[PDB]
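Reviewing the structure listed below.
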Amino acid sequence: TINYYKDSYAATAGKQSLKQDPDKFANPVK
Amino acid sequence: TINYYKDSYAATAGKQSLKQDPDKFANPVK
Amino acid sequence: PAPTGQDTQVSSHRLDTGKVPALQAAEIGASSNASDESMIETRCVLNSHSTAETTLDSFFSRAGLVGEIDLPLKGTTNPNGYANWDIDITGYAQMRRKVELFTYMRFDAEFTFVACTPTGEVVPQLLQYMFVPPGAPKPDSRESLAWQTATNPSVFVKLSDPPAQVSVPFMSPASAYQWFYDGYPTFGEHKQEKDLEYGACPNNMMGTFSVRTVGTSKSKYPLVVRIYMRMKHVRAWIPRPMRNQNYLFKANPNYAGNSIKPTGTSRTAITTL
Amino acid sequence: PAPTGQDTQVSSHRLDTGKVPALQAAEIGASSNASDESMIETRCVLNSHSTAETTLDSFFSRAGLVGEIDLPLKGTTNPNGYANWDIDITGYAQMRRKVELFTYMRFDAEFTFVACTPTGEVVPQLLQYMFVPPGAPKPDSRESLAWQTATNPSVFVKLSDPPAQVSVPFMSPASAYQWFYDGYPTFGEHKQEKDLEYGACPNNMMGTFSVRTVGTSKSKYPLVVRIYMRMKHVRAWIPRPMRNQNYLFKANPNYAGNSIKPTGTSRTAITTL
Amino acid sequence: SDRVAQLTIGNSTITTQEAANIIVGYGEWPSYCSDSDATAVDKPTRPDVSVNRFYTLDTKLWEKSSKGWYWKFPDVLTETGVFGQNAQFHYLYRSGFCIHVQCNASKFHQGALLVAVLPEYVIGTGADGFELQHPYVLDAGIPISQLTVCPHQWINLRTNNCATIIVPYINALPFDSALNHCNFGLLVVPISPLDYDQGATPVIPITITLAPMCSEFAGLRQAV
Amino acid sequence: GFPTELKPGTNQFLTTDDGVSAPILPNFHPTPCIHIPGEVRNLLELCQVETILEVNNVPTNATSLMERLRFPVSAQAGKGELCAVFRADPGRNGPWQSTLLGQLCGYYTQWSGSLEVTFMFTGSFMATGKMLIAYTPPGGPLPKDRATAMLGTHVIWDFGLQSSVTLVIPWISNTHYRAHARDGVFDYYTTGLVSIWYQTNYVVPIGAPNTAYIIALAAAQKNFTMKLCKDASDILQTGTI
Amino acid sequence: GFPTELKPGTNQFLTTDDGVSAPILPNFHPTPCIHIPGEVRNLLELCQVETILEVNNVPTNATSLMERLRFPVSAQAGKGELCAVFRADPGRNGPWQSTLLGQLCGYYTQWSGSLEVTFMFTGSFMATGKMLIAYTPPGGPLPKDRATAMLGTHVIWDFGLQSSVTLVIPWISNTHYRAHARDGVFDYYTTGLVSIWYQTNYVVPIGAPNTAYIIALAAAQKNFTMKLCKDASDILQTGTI
Ligand SMILES: CCCCCCCCCCCCC/C=C\[C@H](O)[C@H](N)CO
Ligand SMILES: CCCCCCCCCCCCC/C=C\[C@H](O)[C@H](N)CO
């Protein structure tokens with residue numbers, strides 16, 4: 001993220017973290 | 001504070017310091 | 001972690017009784033688990049396809065139209081050089097269908113305003129965009145005293161300059177915005193009149209947008225303003241099925257009951273393509 | 001320190017004689033000290049709400065209108081293309097009510113001047129804003145010899161350019177500005193004429209603002225200038241009760257005596273909402 | 001082993017000899033409000049055993065031309081049991097839910113049901129439930145073919161006769177009112193129509209049973 | 001020189017921006033600052049000072065404008081009569097508009113925290129009695145009698161040497177913050193109601209006055225916070241000044 | 001000051017750009033985020049959830065719009081009759097348009113990976129039979145009989161206690177990615193065909209129904225990926241809303 005002001009919500013989107021949890025919706029079986 | 005000139009009064013507002021003294025006005029009892 | 005797609009491992013034929021990957025029981029409610037290397041004979045493939053374009057930020061951080069304001073010279077809408085627009089996203093289908101896939105979202109915003117004459121020509125003129133939070137005094141004319149913007153944020157810009165843009169934080173009292181609200185906003189009896197407030201969530205009413213041409217007398221050009229919105233730092237929860245039929249009203253799932261249409265296309269017979 | 005709001009500690013019922021948090025004596029003149037965890041049964045809450053938006057800088061570092069200058073072509077106010085404006089803040093209600101909450105303030109400033117035609121159109125024209133400290137020669141015409149600005153600061157700018165802005169220091173002989181001055185500025189006898197100087201503080205008269213259109217002959221467009229002010233590095237002392245009634249005159253607490261109005265709204269009975 | 005099942009909570013018990021395992025909604029068991037999530041200052045009440053038990057709501061019949069039914073939560077229980085009394089005597093409410101759907105037939109019947117839970121079910125244009133008018137678009141302009149993205153189970157008359165779903169508290173606020181907001185709605189739609197030949201029993205009732213889990217209340221006042 | 005590019009945000013004058021500007025006076029040193037008592041470092045410091053509340057905002061004429069600061073109390077038939085009610089919404093127009101907390105809160109959209117209302121008795125020394133003050137959370141309408149009001153959180157006030165009692169309105173809400181309540185849709189943020197009921201009677205011997213008055217002071221607790229600064233809803237001018 | 005230069009890219013508003021902008025609210029802190037179950041971190045997480053497929057998309061009228069979710073099966077003369085065919089192209093308009101995978105794939109130009117279609121039998125307990133499901137790779141036309149369809153990859157499905165079988169469509173292609181197929185030139189990316197054939201019969205004793213139905217659910221495997229985001233081809237409005 002690149003920022004030029006004093007507020008964190010004025011920065012760029014940046015690069016997220018590649019994580020997946022496909023079992024939350026596909027395999028919710030106890 | 002960010003400044004680009006030789007005078008301190010031309011800078012930005014910046015971030016203050018969070019301090020409170022509520023007892024000055026609410027509890028002035030000796 | 002999942003930076004790339006999964007590989008494929010070498011497999012061979014299997015002839016044994018008791019283990020059956022193919023047969024399943026979908027009544028349980030869980031998706032399948034049989035893979036390619038367990039129903040056919042496969043080879044070794046080293047997959048290196050990136051999955052970075054399907055993230056929430058990669059899918060929502062694109063600008064879209066959400067607003068339209070007209071300031072005509074002769075007409076009935078805004079003939080006094082000022083306009084008031086309540087902040088809503090549900091005004092246009094392309095963005096609405098995208099954002100309605102989920103139930104709760106939490107995000108910042110970046111707003112860009114493009115202004116020009118109805119014919120597309122650019123003329124020298126000055127304006128003032130004013131953000132009116134709920135409970136603030138709303139202007140009622142071109143020379144209203146509320147235009148002093150003593151506390152409310154405001155922007156002065158000209159048509160000949162590049163379009164102005166600002167960054168916007170998350171201002172909801174709740175923990176996230178919600179596009180669906182199954183309930184009423186008041187403890188009343190809900191006889192008939194309250195039904196016009198069905199689904200009206202006070203946590204989504206963020207304020208009012210005000211625009212005027214800086215001057216005492218009437219201007220000389222008709223003007224149009226277009227508001228574009230872009231999302232960043234996006235989080236989502238609880239996906240829901242996507243929209244099927246046409247839209248009718250803002251903030252309402254109403255649909256045309258007499259003209260109902262299938263999701264896709266149709267053919268003549270099931271045994272023929 | 002107070003970076004966030006206070007938490008709430010777990011409490012239980014108490015039945016004992018001698019200690020009474022509830023009963024108080026407001027005649028002393030000090031606010032209460034009984035808390036939530038001492039009059040009802042409370043749970044544990046970890047408060048993390050920030051208090052950084054209520055600071056003096058966070059409340060005063062917002063621009064507001066303080067001035068207005070007219071340079072008409074035909075009229076009686078300034079038909080010669082020059083104007084003189086004494087620096088005062090008390091000209092408009094929104095900013096005045098905000099700044100009058102306290103008695104003494106000490107701050108820098110950032111002034112922004114926006115210029116355009118009365119209809120809002122932007123035309124190519126050149127001007128000159130000149131700051132005239134008290135005791136300096138004030139211009140009296142469009143071609144006055146004092147416009148050489150040998151020592152006084154001055155700014156040359158065009159209408160088609162973005163609005164000009166400057167930074168301003170604290171120039172008072174006293175230790176702070178004061179918006180109320182209970183006294184007279186001269187050792188005279190105060191018979192009747194001096195009463196027009198009641199409250200006139202010489203420590204607040206900072207100078208004069210001068211504007212003209214650079215040229216020998218009369219210009220071709222009527223022009224309007226708007227002065228906006230923003231505060232930074234703000235300190236305040238001795239708060240006072242806020243204003244109630246309408247304003248009548250600059251630098252005067254006068255109010256309409258015949259039309260006096262309550263602070264809030266009214267109802268019909270005290271036993272009914 | 002996942003063919004017999006017994007679920008007990010409070011002072012009620014449910015048994016079934018043909019089950020289809022148990023679906024946990026979004027892979028999270030219900031829990032209480034943590035000290036960091038709370039916003040109230042008054043200590044809440046947790047009646048525990050007196051409001052966490054199985055309740056039987058009503059019986060609906062399955063016909064060869066039925067459309068479907070849906071219910072709303074927690075609107076159904078506001079006039080039933082100690083859970084109803086506490087709901088109207090308090091302002092803030094939170095809880096989980098365990099839902100059990102029963103429908104049994106013989107070996108010569110056929111048909112299939114779609115049991116699903118859809119949070120924030122806004123309906124476009126009580127405890128007994130309503131009947132859908134346009135089941136294809138779920139009465140809200142969305143296709144039913146994508147409903148499986150929500151926690152769901154199937155009732156196939158040749159395989160099982162029951163469906164179980166456990167749903168935690170779903171909302172954007174730690175506490176909310178139970179008389180003005182319905183967190184989710186339960187849907188039961190017949191995808192494959194019922195069929196049998198003349199001479200078999202033609203009445204195939206469907207009954208709904210459910211039980212709140214980990215309830216909490218706050219903000220005492222008069223009953224409304 | 002150095003090649004650059006311009007982003008689509010240039011030439012705009014944004015009022016709330018924090019920026020650097022060219023000074024007009026080079027090498028200027030201001031007057032030194034002496035110590036002046038009574039410095040404010042936060043608007044929340046003076047949000048906890050009790051101020052007079054206008055519960056009895058019935059009268060309107062000029063000569064009786066002072067009668068709005070207190071409400072009367074006298075002897076009744078001992079049937080649990082009602083005294084006065086009002087809504088405990090600081091931002092909504094009403095009795096709270098006359099306090100410093102109410103005026104300041106108009107500058108901020110959202111608030112959160114616990115309030116506190118103090119009642120003072122200003123009768124003769126020989127007059128005694130007890131009162132019940134009840135706070136009804138949202139959802140319940142105005143109580144129709146004392147036996148219905150006593151269900152919510154309440155405090156019993158006893159006249160005596162200590163002439164003041166404080167009723168604390170705890171922060172009970174569903175959301176973390178509340179916006180300003182108003183009639184219509186925005187009633188979703190209503191905080192509740194406050195009622196005052198006679199407990200036993202107002203007893204007074206012979207030779208002493210039969211009518212007394214009560215003064216109510218309101219303030220905020222130590223967890224009170226506000227955010228999202230806006231402009232006030234009232235403008236105190238009717239043209240040029 | 002510092003001398004600079006302007007490159008020929010200034011003053012343009014680019015929708016997909018990532019840039020910095022001036023905030024409007026200085027020193028603003030948002031409401032804290034509580035834990036809400038069911039968070040999505042990638043559109044691929046919910047691209048692997050089975051949804052109902054509309055193989056029998058023959059009817060169109062309003063009252064029979066529900067009949068598109070299943071196709072019938074009954075007893076025949078045991079000559080290897082055909083049941084149903086369709087094209088296995090997720091992005092191309094057709095039966096796949098009714099799934100979540102099909103709708104999401106419309107937002108992305110190119111895709112790669114293996115699909116998976118699951119069939120469930122919803123007949124009586126005493127009805128038995130076997131079916132053959134075959135997938136013909138590109139190049140071969142629609143099979144004219146079972147003996148011609150059995151050459152491609154196929155699976156034999158047996159009715160019993162386990163009522164569901166899954167046919168996996170392996171990723172067989174010449175290119176690394178495929179664009180969306182359509183009639184005309186863009187048929188170069190066609191994936192193939194799917195057919196369902198009777199193996200022996202649909203046998204049923206006396207006193208049991210003669211007609212049953214099958215429900216098909218489709219999803220994607222663990223190596224499914226998409227790229228080059230675009231806009232959908234359908235707009236759900238007919239003017240102002
Ligand atoms: C220069 C001032 C202009 C800035 C004004 C924009 C700030 C507020 C934008 C709100 C962001 C979108 C969230 C709003 C709520 C929901 O989208 C809709 N009300 C849906 O009901
Ligand atoms: C380019 C030159 C323009 C700069 C002129 C502005 C500099 C002086 C501004 C004064 C700052 C405000 C303080 C002034 C005094 C009090 O506000 C009023 N006189 C109140 O009585």
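Following the order of the structure tokens, first chain is A, next is B, and so on, with residues numbered from 1 inside each chain and ligands from 1 in the order they appear.
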
Inset, instruction - Check every residue of chain G for an atom within 12 Å of chain A, counting only C-alpha atoms, and provide those that qualify as a PyMOL selection string. - result: chain G and resi 16-30+37-51+219-222

Residues of the last selection are to be written out with C-alpha atoms, as a short mmCIF file (atom, residue, chain, number, x, y, z; two decimals), in the first residue's frame.
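result-v3.cif, freshly written:
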data_model
loop_
_atom_site.label_atom_id
_atom_site.label_comp_id
_atom_site.auth_asym_id
_atom_site.auth_seq_id
_atom_site.Cartn_x
_atom_site.Cartn_y
_atom_site.Cartn_z
CA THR G 16 -9.46 0.42 -13.25
CA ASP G 17 -6.63 2.58 -11.90
CA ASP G 18 -5.46 2.24 -8.29
CA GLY G 19 -4.69 5.67 -6.89
CA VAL G 20 -4.44 7.87 -3.79
CA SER G 21 -7.05 10.51 -3.01
CA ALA G 22 -7.58 13.19 -0.39
CA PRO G 23 -9.78 12.04 2.52
CA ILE G 24 -12.84 14.08 3.42
CA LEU G 25 -13.01 13.27 7.15
CA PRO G 26 -9.79 13.90 9.10
CA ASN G 27 -9.21 11.68 12.14
CA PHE G 28 -12.17 9.34 11.62
CA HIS G 29 -12.38 5.91 13.25
CA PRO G 30 -14.95 3.40 11.96
CA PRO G 37 -19.97 -16.30 10.37
CA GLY G 38 -19.68 -17.13 6.70
CA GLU G 39 -16.91 -14.96 5.28
CA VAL G 40 -15.85 -15.23 1.63
CA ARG G 41 -12.20 -14.56 0.79
CA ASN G 42 -12.23 -15.63 -2.88
CA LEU G 43 -14.85 -16.02 -5.61
CA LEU G 44 -13.36 -19.47 -6.23
CA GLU G 45 -14.42 -20.65 -2.78
CA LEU G 46 -18.09 -20.68 -3.83
CA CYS G 47 -17.35 -21.90 -7.37
CA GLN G 48 -17.20 -25.48 -6.04
CA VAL G 49 -20.73 -25.76 -4.60
CA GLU G 50 -23.13 -28.01 -6.48
CA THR G 51 -26.22 -26.35 -7.95
CA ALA G 219 -19.82 -27.85 -9.95
CA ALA G 220 -16.09 -27.38 -10.55
CA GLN G 221 -13.00 -29.22 -9.35
CA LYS G 222 -10.05 -28.01 -7.28
#

Inset, instruction - Write out as a ChimeraX atom specification the residues lying within 6 Å of residue C:210, counting only C-alpha atoms and excluding same-chain residues fewer than 6 positions away. - result: /C:83-84,129-130

Inset, instruction - Extract the full set of strand (DSSP E) residues from stretch 17-237 of chain F according to DSSP on the backbone, and format it as a PyMOL selection string. - result: chain F and resi 39-40+51-52+71-74+82-87+108-112+115-121+128-136+154-158+164-169+178-179+193-203+211-220+225-229

Legend entry - Within-6 Å residues of ligand 1, basis only C-alpha atoms and all ligand atoms, as a PyMOL selection string: chain C and resi 88-89+129-131+154+168+179+204-206

Legend entry - Which of chain A fall in helix (DSSP H, G or I), as a list in words: residues 8, 9, 10, 23, 24, 25 and 26 of chain A

Writer output for current selection, N, CA, C and O atoms, as a CSV table (one decimal), in the first residue's frame:
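Result file is again-v2.csv:
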chain,number,residue,atom,x,y,z
A,8,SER,N,-5.4,6.2,7.1
A,8,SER,CA,-5.1,4.9,6.4
A,8,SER,C,-6.2,4.6,5.4
A,8,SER,O,-5.9,3.7,4.5
A,9,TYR,N,-7.4,5.2,5.4
A,9,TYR,CA,-8.4,4.8,4.5
A,9,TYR,C,-8.3,5.6,3.1
A,9,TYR,O,-9.1,5.4,2.3
A,10,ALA,N,-7.2,6.4,3.0
A,10,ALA,CA,-7.0,7.1,1.7
A,10,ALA,C,-5.9,6.4,0.9
A,10,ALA,O,-5.5,7.0,-0.1
A,23,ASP,N,-14.0,-25.5,2.2
A,23,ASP,CA,-14.8,-26.5,3.0
A,23,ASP,C,-15.9,-25.8,3.8
A,23,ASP,O,-16.8,-26.5,4.3
A,24,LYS,N,-15.9,-24.5,3.9
A,24,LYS,CA,-16.9,-23.8,4.7
A,24,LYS,C,-18.2,-23.9,4.1
A,24,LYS,O,-19.2,-24.1,4.8
A,25,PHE,N,-18.3,-23.8,2.7
A,25,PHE,CA,-19.6,-23.9,2.0
A,25,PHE,C,-19.8,-25.2,1.4
A,25,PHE,O,-21.0,-25.6,1.2
A,26,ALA,N,-18.8,-26.0,1.0
A,26,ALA,CA,-19.0,-27.2,0.2
A,26,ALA,C,-19.1,-28.4,1.1
A,26,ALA,O,-19.8,-29.4,0.7

Inset, instruction - Give the answer as one residue: which of C:90, C:6, C:208, C:216 has the shortest atom-to-atom distance to chain G, using only C-alpha atoms? - result: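 Residue with the minimum atom-to-atom distance to chain G: C:6.
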